[PDB]
Amino acid sequence: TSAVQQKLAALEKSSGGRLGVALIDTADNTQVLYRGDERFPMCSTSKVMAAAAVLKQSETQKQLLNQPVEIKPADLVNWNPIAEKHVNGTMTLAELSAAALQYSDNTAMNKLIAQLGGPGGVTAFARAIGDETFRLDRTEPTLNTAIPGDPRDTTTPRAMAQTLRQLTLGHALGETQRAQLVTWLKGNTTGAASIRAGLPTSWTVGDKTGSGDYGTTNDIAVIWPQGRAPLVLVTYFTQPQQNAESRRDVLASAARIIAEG
């Protein structure tokens, strides 16, 4: 019930939905949590785990990121902004990872899942790095159904914040791979209205957004304030109505509240 809690609780109450927040400050390893142990549909934020797991593979298969992967008409799903540009051609695994992370391409995510042996291979990597909460159960696009109470394709804010810190600031990946993940997250094109919109102008951000049914609107971010040790912030949001519209403003507002405490 620190000052931020009542403020985050008030934001949630004004929003009509369910808000989950987890912050980690690497300067002193303290944490702020709001519904930190409740499950939320991850939606596209799970693409970070899949991309990281492929990077882990490339620590042994050194040229793996350069491997071409055919894009067939049957591979296309519901949102394929980059993969649709390469049907009947190829994209490398690096290009598929970038398309997944920076444009939220769902065909690209499915190629990453396939490279890992299915959703259980993404969950396997989460276990290998100490995340016992993350579970990926479906491919795209069905992982976004975001049905209330459904444990499939969920994690908690606390678990995802620890994971993102290990991948981007810790040593869960090789240094080359960590740098590549950071470059990918910083190049994200879909995050301008989410966590980034609630943070000071001078802070560098890498993030992955998520969106799904029930108005589910998510963002997970690694944040470098200037003259200060980096931060990790997860903001998850979902709504009672299956048809609810996106609420990226809630994530911006949560980030601003966090950034003010």
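Just so you know, residue 1 is the first one in the sequence shown, and it goes up from there. When reading the values below, keep in mind they use all heavy atoms of this one structure, side chains included, and skip hydrogens, waters and symmetry mates.
- Between the side chain of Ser58 and the backbone N or O of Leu55 there is at least one donor-acceptor pair closer than 3.5 Å.
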Note to self: Would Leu76 and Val87 count as a side-chain contact (heavy atoms from CB on, under 4.5 Å) here? Give the steps.
What the structure shows: CA-CA 8 Å; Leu76 299 175; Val87 180; 3.7 Å; yes
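- Distance alone, capped at 3.5 Å, places no donor-acceptor pair between the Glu95 side chain and the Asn66 backbone.
- Side-chain contact check for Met109 versus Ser44: every heavy-atom pair is 4.5 Å or farther apart.
- Checked for salt-bridge contact, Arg178 and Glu175 miss the test: no charged N lies under 4.0 Å from a carboxylate O.
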Next item on the list: Check the pair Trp203 / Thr201 against side-chain contact (heavy atoms from CB on, under 4.5 Å), numbers first and verdict last.
Entry: CA-CA 6 Å; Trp203 297 10; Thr201 188; over 6 Å; no
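- There is a path of hydrophobic side-chain contacts, each under 4.5 Å, that joins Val234 to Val122.
- By the 6.0 Å contact criterion, OH on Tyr103 is open, its count of non-hydrogen atoms from other residues, nucleotides or ligands being 12 or less.
- Neither side chain, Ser211 nor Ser246, offers a donor N or O lying under 3.5 Å from an acceptor on the other.
- At least one donor-acceptor pair under 3.5 Å links the side chain of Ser14 to the backbone N or O of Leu11.
- Side-chain contact between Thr204 and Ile223 is absent, with no heavy-atom pair separated by less than 4.5 Å.
- A donor and an acceptor atom, one from each side chain of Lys85 and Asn80, are nowhere located under 3.5 Å apart.
- When only modelled atom types and interatomic distance are considered, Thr163 and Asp131 share a side-chain donor-acceptor pair under 3.5 Å.
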Checklist line | Stepwise side-chain contact (heavy atoms from CB on, under 4.5 Å) test for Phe125 and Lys56 | finding: CA-CA 9 Å; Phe125 174 71; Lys56 175 56 69 179; 3.6 Å; yes
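- Taking 4.5 Å as the limit, some side-chain heavy atom of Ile82 sits within range of a side-chain heavy atom of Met91.
- Considering every non-hydrogen atom in both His86 and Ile71, the closest pair reads O-CB, 3.5 Å.
- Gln239 places no side-chain N or O within 3.5 Å of a backbone atom of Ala244 that could act as its donor or acceptor partner.
- Using a 4.5 Å cut-off on side-chain heavy atoms (C-beta onward), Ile129 and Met49 make contact.
- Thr26 is listed as a side-chain neighbour of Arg165, based on a closest heavy-atom distance under 4.5 Å.
- The shortest non-hydrogen separation linking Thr156 to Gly36 is CB-O, 3.3 Å.
- Put simply, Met42 and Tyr34 are part of two different groups of oily side chains (I, L, V, M, F, W, Y) that touch within less than 4.5 Å, one to the next.
- Taking every heavy atom of both residues into account, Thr209 and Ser194 meet most closely at CG2-OG, 3.9 Å.
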Next item on the list: Under the side-chain contact (heavy atoms from CB on, under 4.5 Å) rule, what do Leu233 and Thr235 come out as? Steps first, then yes or no, please.
Entry: CA-CA 7 Å; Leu233 175 65; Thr235 56; 4.0 Å; yes
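- Checked by atom type, the side-chain pair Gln63/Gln67 shows no donor-acceptor distance below 3.5 Å.
- Closest approach of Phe237 to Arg247, counting heavy atoms only: CE2-CB, 3.6 Å.
- Between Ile258 and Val21, some side-chain heavy-atom pair lies under the 4.5 Å cut-off.
- With no hydrogens or angles considered, no side-chain donor-acceptor pair links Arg248 and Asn218 at under 3.5 Å.
- In this structure, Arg18 does not pair ionically with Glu12, as no charged nitrogen and carboxylate oxygen lie closer than 4.0 Å.
- Nearest heavy atom pair, residue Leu112 against residue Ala50, reads CB-CB, 4.1 Å.
- Under a hydrophobic-cluster definition in which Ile, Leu, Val, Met, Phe, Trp and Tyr are linked whenever side-chain heavy atoms come within less than 4.5 Å, directly or via other members, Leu136 and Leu164 are assigned to the same cluster.
- In terms of hydrophobic clustering, with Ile, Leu, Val, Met, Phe, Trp and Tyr side chains grouped at heavy-atom distances under 4.5 Å, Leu231 and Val32 are assigned to a common cluster.
- A donor and an acceptor atom, one from each side chain of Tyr236 and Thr45, are located under 3.5 Å apart.
- A distance of 8.0 Å separates CG of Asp213 from SG of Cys43, quoted to the nearest 0.5 Å.
- Using modelled atom types, one side-chain atom of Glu59 and one backbone atom of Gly174 make a donor-acceptor pair closer than 3.5 Å.
- Here the CG-CG distance, from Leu65 to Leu96, works out to 10.5 Å after rounding to the nearest 0.5 Å.
- Ion pairing between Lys186 and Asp207 fails under the 4.0 Å rule for side-chain N and carboxylate O.
- For the residue pair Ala99 and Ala108, the shortest heavy atom distance occurs at CB-CB, 4.0 Å.
- Atom CZ in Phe134 sits 7.0 Å away from atom OG1 in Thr155 (nearest 0.5 Å).
- Two residues are said to be in side-chain contact when any heavy atoms from C-beta on lie closer than 4.5 Å; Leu185 and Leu101 meet this criterion.
- A side-chain donor-acceptor contact under 3.5 Å links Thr189 to the backbone of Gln102.
- In this structure, CD1 on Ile257 lies 12.5 Å from CG on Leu23, to the nearest 0.5 angstrom.
- To the nearest 0.5 angstrom, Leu33 atom CG is 7.0 Å from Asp37 atom CG.
- The OG atom of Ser202 sits 12.0 Å away from atom CZ of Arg228, with the distance rounded to the nearest 0.5 Å.
- In this model, no donor atom of one side chain and acceptor atom of the other lie less than 3.5 Å apart for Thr30 and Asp28.
- Residue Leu199 is not grouped with residue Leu169 when hydrophobic side chains (ILVMFWY) are merged at heavy-atom distances under 4.5 angstrom, including chains of intermediate members.
- Listed for the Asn106 side chain is no donor-acceptor partner under 3.5 Å among the backbone atoms of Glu140.
- The pair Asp153-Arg135 does not count as a salt bridge, with every side-chain nitrogen at least 4.0 angstrom from each carboxylate oxygen.
- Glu132 CD: more than 12 foreign heavy atoms inside a 6.0 Å radius.
- Side-chain contact annotation: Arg138 with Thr145, donor-acceptor N/O pair under 3.5 Å present.
- Within the 4.5 Å cutoff, side-chain heavy atoms of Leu181 are placed close to those of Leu173.
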